[PDB]
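Now for the letters of each chain:
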Amino acid sequence: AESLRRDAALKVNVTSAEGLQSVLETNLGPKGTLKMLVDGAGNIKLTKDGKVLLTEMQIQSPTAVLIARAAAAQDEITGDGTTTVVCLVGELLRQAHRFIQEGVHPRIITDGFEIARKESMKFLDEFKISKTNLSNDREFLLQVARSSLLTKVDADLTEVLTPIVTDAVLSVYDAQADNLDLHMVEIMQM
Amino acid sequence: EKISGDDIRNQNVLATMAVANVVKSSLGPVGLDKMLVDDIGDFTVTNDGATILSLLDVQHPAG
Amino acid sequence: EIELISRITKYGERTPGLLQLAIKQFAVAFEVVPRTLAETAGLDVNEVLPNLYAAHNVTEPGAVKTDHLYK
Amino acid sequence: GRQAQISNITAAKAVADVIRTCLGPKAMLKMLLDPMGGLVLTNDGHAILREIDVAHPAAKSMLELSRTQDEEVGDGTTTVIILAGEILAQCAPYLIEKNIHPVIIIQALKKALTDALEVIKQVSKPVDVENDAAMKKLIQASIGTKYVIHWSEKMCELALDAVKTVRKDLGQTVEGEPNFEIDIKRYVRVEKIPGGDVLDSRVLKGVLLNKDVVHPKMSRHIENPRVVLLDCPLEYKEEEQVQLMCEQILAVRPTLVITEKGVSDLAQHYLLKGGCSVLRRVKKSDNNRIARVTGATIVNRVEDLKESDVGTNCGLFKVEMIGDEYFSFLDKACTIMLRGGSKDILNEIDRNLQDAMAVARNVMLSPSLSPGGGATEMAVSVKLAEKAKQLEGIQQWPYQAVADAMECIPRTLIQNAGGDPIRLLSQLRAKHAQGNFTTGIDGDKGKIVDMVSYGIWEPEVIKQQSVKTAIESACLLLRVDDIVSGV
Amino acid sequence: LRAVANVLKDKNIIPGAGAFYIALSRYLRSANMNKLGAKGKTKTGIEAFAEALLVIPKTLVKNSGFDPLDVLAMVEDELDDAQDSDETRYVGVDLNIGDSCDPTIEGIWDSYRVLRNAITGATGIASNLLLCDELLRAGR
Amino acid sequence: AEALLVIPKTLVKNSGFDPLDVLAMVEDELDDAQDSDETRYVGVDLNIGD
């Protein structure tokens, strides 16, 4: 006569997410910290990109494998927000782990997120602001380009690279429907 | 090694008893079949006791 | 002990609610008394048990019980 | 000894332990840890079991029996293992503590299987197999939660046209009657054709070939081409020998020539003046389907080719290019042509359409439907308690243990629902007596409701093969009371 | 380059510095309470989703040593006055000064395509981690 | 406020009924009592569960 109540188990899968979250927690934002990662290559490299941090370290834990695959999909599509998504996945598991002892079923937890996601799209359409295609927005693009720059540097280099990055896209691409190609912009390292 | 006396006689009886107790389940049509697993991991299911003793691996002179 | 089993199981489906599981298990707990009497007497477990059920359960076209309930 | 019988139940419990939460449309995702560092996130039950490394030999027997049911039907693979796994759990104290002979339990399951099939036939409801709208909600079980959900309206017309074409009643009591006599293997075999559109996809009846014309200048429109089949191609077995082989075919003056193997350039000039197209590179497996859609007798030597061949019932010769590739359309068989915007889309529709037509035949074979969502599993357990009192024998104890395993399938959906399993199973059992087994379980909500509204129904042959294989799988594990090792 | 590339592709822009996360977490909390059209048991897990979106503004002030609870109450006080008036004013966290800020004047903006796939992307990733009841070790 | 809600969840936990379902039925009932302009007290029934 062997039958069980199916104990919660779970645990470390969320616990391992908390340890990985703290790695990218201080690495997010312009005021964050810059960490050094060197595995076997003897080459000092410092970057705050969440996708690069996971690819330069070998992780035996199966939990971080799914998180590593999420950064690869956001880079090939969105190309940004790699660290922000990691911080949202780990923090969401913390609030969901407390409800496990209460008896909340995980399927309703997954179903409850789809309901909040559909309702978020209605607020997302009203909150967003449309921007004109006119070429007079170069002054407005200066403050927007600094958003991604201030994150990866100490903010002293942003003022130098501000006119370079802004004038790089407008010079190569005239304003039409067309398309954009980042491969046409050469990169020289000295 | 050499073992004589009644010590080796009792070991031969217990050895044949352990082999006999395995085939007692296949006696008669109402009997139960058995699975023989080799080092490869495969097996077979049959109710015929003749093919069982041929595929059964037992190291013993009386076996 | 065997005759009361038919009366307990009849009230199980009559009383709604979660008590249906406890009523059915309440009659099963009385089957240990006849089982120990057969084991101590050398009789087989597969023999006495089905004979007791078939003796107290019959089809009688009438309300008044017949034959013998004293088995 | 008795230790081998315990390991058989333990091995069956270890295999079913993984698929416990894998039953039902609410099944969650599993993570399989590979020794090389890889993970498998797919929620498919039978796809994970093939990669599971097992030790006890009885665990390998459950994997082989699940593979057989996976080829016949697409679903219900985990249903058989869970149903057969819970039988050994309820019969564990009966085999050891109660000292019940194993064949008595096996014989009781054989008699219970006969009574179980009778209850399934009673709870079944009639369904029209010729209704195209009724088959939409049925096949939808294999449609929804997939990429074909948008084209499901067009997918229903493609599956029904292939099944109704190859089915033949032939009802009579003389030689025996197959119901609709469907053949999935040879006739329903699907070949993916790149290019095209899914909305405009139609069911073609005939043989299709993607090979183009082997000659630069040839007539692209032929009134009535006649298919000619041959084995040995045209070549030296030197110029007269190739022409002599053509004179045997040209004796009837055919307007079309199809060669299985390649055709040399010397034979192209001989058949050019005869007014016949040359088509090489034909597979051998498709030659059997060409003879049935044409009637040309397959002959090895060209000199033995019979004149009985006919090119009748040929739709069109049009070679017009579709998808940057020249095709050929020749439309007791059919050829399903799946057209789409890429090869990755057609590859997913392939397995989805094959599983959709397998469920489609399941309704065609048995013209009856059974309630899903644990309603069928619970309705049978109610009838088991009534027939247990009239047995009056030693088999009554193992027969009552079957009803406890029949209620595990509806309890499985409750474990994934999130509600109280004891509270729901108590009220659900009482609704089948006065409700004519119309009370099911709702997956999305989780409150016990009737199935008359949503109308969730499944064919009977799936329910019959599920309980039939489970008894055969549970009894087979009890047949082996001893396990030995060595070559 | 990839951040500016999304500006020419998509005409929609969203302000950063936690302006979208604070406004979305506050809106979703009071939206379901007024409508009550989902379920009583479902709204329990919905509250965890709203509290999980406030970690981003608390993380930016955590690295600088600022009190995450102090900057949280200052933003909520400014949003209460905006609900009474019929105008539209966005509130965001200023890391340099420590008080609130106007994201339109400061110029902090985030791409729409990046944040749209961030909510949907993190939803499926965080969900699959809770769907595995037992770790499966096999293959060797 | 959340520390005072453990008592109604503790009483129902020993009875076996889902503490999440009893919490939703009480909160939904108090909302309809305010709009009906009356005074109605609500409590947890351990036997039935509502």
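Definitions and limits used
Residues numbered from 1 in each chain as written, not as in the entry; some residues may be left out. Chains lettered and ligands numbered in written order. Part of a larger assembly, values for the part shown. Heavy atoms only, no water. Pairing = 2+ DSSP bridges. Helix = DSSP H or I, 4+ residues; strand = E, 2+ residues; numbered from the N terminus. Contact = heavy atoms within 4.5 Å. Buried area = accessible area lost by both parts, 1.4 Å probe. Salt bridge = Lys/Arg side-chain N within 4 Å of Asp/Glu carboxyl O. Polar contact = N/O pair within 3.5 Å; in protein donor to acceptor, adjacent residues only side chain to side chain. Buried < 20%, exposed > 50% of the residue type's maximum accessible area, 1.4 Å probe, protein only. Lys, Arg positive; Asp, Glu negative; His and termini not counted.

Draft legend 1. Structural detail: the sheet that holds strand β2 (residues 45-46) of chain B. Spatial strand order, β2(B)-β1(B)-β15(D): three strands in an open sheet with mixed pairing. Edge positions in the sheet fall to β2 of chain B together with β15 (483-485) of chain D, since each has one partner strand and no second. The pairing of strand β1 (residues 34-37) of chain B with β2(B) spans two bridges and is classified as antiparallel. Opposite B:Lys34, over in β2(B), you have B:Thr46 as the bridge partner.

Draft legend 2. Local environment of the interface of chain D and chain C. Contacts between the two partners involve 14 residues from chain D and, on the opposite side, 15 residues from chain C. Summed over both sides, the interface of chain D with chain C buries roughly 1200 Å², with 48% coming from carbon and sulfur. Among the residues of chain D in contact with chain C, D:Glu392, D:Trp397 and D:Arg429 are the three that bury the most area, contributing 39% of the side total. Linking chain D with chain C are one salt bridge. A salt bridge links C:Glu13 to D:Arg429, with the nearest nitrogen and oxygen atoms 3.9 Å apart. One can count three residue pairs in polar contact joining chain D with chain C. Among the secondary structure elements, those contributing two or more residues to the side of chain D that touches chain C are α14 (396-406) and α16 (421-434) of chain D. Looking at the side of chain D that touches chain C, the element that brings in the most residues is α16(D), giving four residues.

Draft legend 3. Region of the structure containing unusual backbone geometry. One non-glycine residue, D:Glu181, lies in the positive phi region at around 55°. Tracing the backbone through its elements, the reader meets D:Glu181 in the loop between α8 (152-166) and β4 (190-192). Of the residues examined, D:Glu181 reaches a relative accessible area of 36% and is grouped as partly exposed. Phi at E:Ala17 takes a positive value of approximately 60°, unusual for a residue other than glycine. The residue E:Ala17 is located in the loop between β1 (12-15) and α2 (19-35) in this model. Classification of E:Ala17 by relative accessible area gives buried; the value is 17%.

Draft legend 4. Fine view of the side chain of D:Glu260. Residue and element names in this part refer to chain D. You can see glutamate 260 is positioned in the loop between β7 (256-258) and α10 (265-270). The buried charged residue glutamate 260 lacks any salt bridge, with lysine 261 as its nearest oppositely charged partner at 4.6 Å. Excluding its chain neighbours within four sequence positions, the residues that come into contact with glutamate 260 are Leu230, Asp231, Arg281, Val282, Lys284 and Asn287.

Draft legend 5. Spotlight on the environment of D:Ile349. Residues and elements named next belong to chain D. The topology assignment puts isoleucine 349 in helix α12 (residues 343-365). Judged by its relative accessible area of 5%, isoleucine 349 is buried. Along the chain, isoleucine 349 and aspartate 404 lie 55 residues apart, while their C-alpha atoms are 40 Å from each other. If we skip the residues at most four places from it in the chain, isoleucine 349 touches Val148, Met155, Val198 and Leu338.

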